[PDB]
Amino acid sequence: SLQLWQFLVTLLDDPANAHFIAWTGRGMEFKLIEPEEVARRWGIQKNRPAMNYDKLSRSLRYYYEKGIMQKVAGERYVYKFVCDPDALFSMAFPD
């Protein structure tokens, strides 16, 4: 079953979702255009009725410690997957 970061990649890959979540075109950077719609869909995925962006974003922040994501500083709702050796290892072989 899908971890949050994997679920986001499935959303980002499909043009059907571009109105609420999209790759920006710079490396692996992405924007949660409608972050509450991303949250609603993650909530459905996990059977979490009350999921919202506040709580979703906290898991994104935990990904900073895991080394697979970073915030794009000063860009609203914009994050990026990290392009570095530790990030690829963690994403290639998720536990």
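All residue numbers are counted from 1 along the displayed sequence.
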property: Given 53-61 and 39-47, the range whose Cα B-factors average higher in the PDB entry; result: 39-47
property: Lowest, middle or highest third - CA B-factor, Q6; result: lowest
property: Chain-wide C-alpha B factor ranking for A73, given as lowest, middle or highest third; result: highest
property: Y79 CA temperature factor, ranked by third within the chain; result: lowest
property: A18 - which third its CA temperature factor falls in, relative to the rest of the chain; result: highest
